[PDB]
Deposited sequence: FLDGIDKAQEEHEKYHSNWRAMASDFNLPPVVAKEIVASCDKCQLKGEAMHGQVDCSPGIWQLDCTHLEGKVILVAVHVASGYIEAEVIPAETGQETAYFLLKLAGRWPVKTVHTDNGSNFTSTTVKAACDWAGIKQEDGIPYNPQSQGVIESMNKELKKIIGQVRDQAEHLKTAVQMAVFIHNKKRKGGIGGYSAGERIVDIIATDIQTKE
């Protein structure tokens, strides 16, 4: 924005760099960078920021509910006392209260297909369209693995793992964490 728009346009004119590259290189907010790619004839832009995947995983005989913001890879997970629609519904309401949950992809099992979960979704305005999860499950279990001895109860280990996953594992063009990506993707979405 210190002429970042013109510097970026010339750069794109010659090399046709994607928006992530231009956003990072010239310090432009994503909405601006994307518009440049939009204005180009020889290009095109590159999951809805409101799509989430939910599923349960098991460890130490305990149940863990996991939610994954597909577009960013941001995770939210909790050790729940029982694989019941009620516990899942409660978990959804909380999730829905902090993020713009629009549609949730889940399996057609007893729990996620329960009437309680459906009630929550209806209330929250979440449509259920019912391996991004197999990856998260195993990455989360690995982080829990590498940090398990720092906590007596799994609950805490799990929360430590979520913390590490969303804030201490960086990558990509901007070298962002998953936590910064969800916040960025959604702030950008608000911009349009």
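Ranges of the deposited sequence (numbered from 1) for which no C-alpha atom is modelled: No C-alpha for residues 47-55, 140-148, 211-212.
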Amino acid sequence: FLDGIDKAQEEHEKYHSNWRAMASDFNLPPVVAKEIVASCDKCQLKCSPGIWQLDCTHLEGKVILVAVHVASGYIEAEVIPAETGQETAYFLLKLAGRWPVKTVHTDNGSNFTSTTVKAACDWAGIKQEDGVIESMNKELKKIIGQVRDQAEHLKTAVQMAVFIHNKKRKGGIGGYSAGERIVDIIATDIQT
From here on, numbers count along this sequence of modelled residues.
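133-141 versus 50-58 - greater average Cα B-factor per the deposited record: Higher of the two, by average CA B-factor, is 133-141.
Mean C-alpha temperature factor, higher of 36-44 and 149-157: So the stretch with the higher mean C-alpha B-factor is 36-44.
Within-chain third of residue 83 by Cα B-factor, per the entry: Ranked within chain, residue 83 CA B lands in the highest tercile.
Is residue 14 in the lowest, middle or highest third of its chain when residues are ranked by C-alpha B-factor? It belongs to the highest third of the chain when residues are ordered by C-alpha B-factor.
What third of the chain does residue 184 rank in for C-alpha temperature factor, lowest, middle or highest? Middle third by C-alpha B-factor.
Check where residue 21 lands among this chain's C-alpha B-factors and tell me if it's the lowest, middle or highest third. Middle third of the chain for residue 21's C-alpha B-factor.
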